[PDB]
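Okay, so here's the structure we're looking at.
Every residue, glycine among them, receives a Cβ derived from its backbone with ideal geometry; neighbour counts consider all protein chains shown. Any read-out appearing in this document is the output of simple, stated calculations on the displayed coordinates, not a laboratory observation.
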Amino acid sequence: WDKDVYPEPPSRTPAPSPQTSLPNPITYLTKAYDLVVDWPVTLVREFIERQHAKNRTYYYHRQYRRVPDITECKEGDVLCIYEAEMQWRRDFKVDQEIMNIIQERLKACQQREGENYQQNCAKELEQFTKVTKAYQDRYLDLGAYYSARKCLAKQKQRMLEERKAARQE
Amino acid sequence: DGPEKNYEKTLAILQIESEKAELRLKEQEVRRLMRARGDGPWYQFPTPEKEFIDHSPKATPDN
């Protein structure tokens, strides 16, 4: 729908270019299908659309504002920890949906490129592998009881490994 | 009603139970100190009564 989140290259089709002096049953069946099925269906949907527009109603998104993270939180203060764990779990669900979006992009690219996919579907491939490695360095080796504190301990161990690495000249 | 109710009611319950934990552990250490040393109102074990002593003049001086 939003073609910046869900990009779709334009469906360039070749002109028919026929050689036979003979008919194609596809096209005339398409005409019949249109003037039989698509016309009453479009009538019904236009009716339903104008009846929506008679009494239109709106809904919103609930922007959630940021909160003191758990690193700014004291050992034992259960209220701050609760709020921080909640915003973490929120971001976690959002990250899963991001990963789903990128997997969807990858699959759709694979299908449209079809056979010649392993040369011109590498962009979405790398955009999948990078975010995958992020998720792996962010949420992977936890368990069912994941939490902000566990992700933080993981990040801290990894930063320690990186410090010990860059210690080497 | 909405999410604010649940969120903030949870926060109330959390402060309640955290305070209760604090006070339970405090009560434990308090009882420990009061029993190890009788500085406090509790665990003050009884002593002999003072008012039933006779202070009057006796039959001998070196009572």
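Miscellaneous remarks
- Distant-in-sequence amide contacts of residue A:142, defined by a placed amide H-H separation under 5 Å and a gap of 5 or more residues or a different chain, comprise nothing.
- Whole-Hz couplings from phi, Karplus 6.51/-1.76/1.60, listed for segment B:20-35; x for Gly and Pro: 4, 4, 3, 6, 5, 5, 4, 4, 4, 5, 5, 4, 4, 5, 4, 7
- Only DSSP H runs of four or more residues enter the estimate; each adds -39500 (n - 2.57), and after division by the residues of the protein assembly as shown the mean residue ellipticity at 222 nm equals -20000 deg cm²/dmol.
- Across the cross-link table entries A:54/A:93; A:130/A:154; A:74/B:5; A:74/B:20, which are compared at the Cα atoms, the separations over 27 Å belong to A:54/A:93.
- Net length available on complete extension from residue A:135 to residue A:33 is 32.0 nm, with 0.36 nm assigned per residue and the Cα-Cα distance removed.
- Sites residue A:90 and residue A:20 - FRET efficiency at Förster radius 35 Å, r taken between beta-carbons, to 0.05: 0.05
- Binning the alpha carbon pair distances of segment A:1-118 at 5 angstrom intervals from zero yields the distribution 2, 7, 8, 8, 9, 11, 13, 11, 8, 6, 5, 4, 3, 2, 1, 1, 0, expressed in whole percent.
- Spin-label model, residue A:118 to residue B:51: label points 7 Å out along the Cα-to-beta-carbon direction sit 10.4 nm apart.
- As a proxy for reagent exposure, ranking A:66, B:31 by other Cβ atoms within 10 Å from fewest up yields A:66, B:31.
- Bins of 10 Å from zero: percent of alpha-carbon pairs in segment A:77-147: 18, 37, 24, 14, 5, 1
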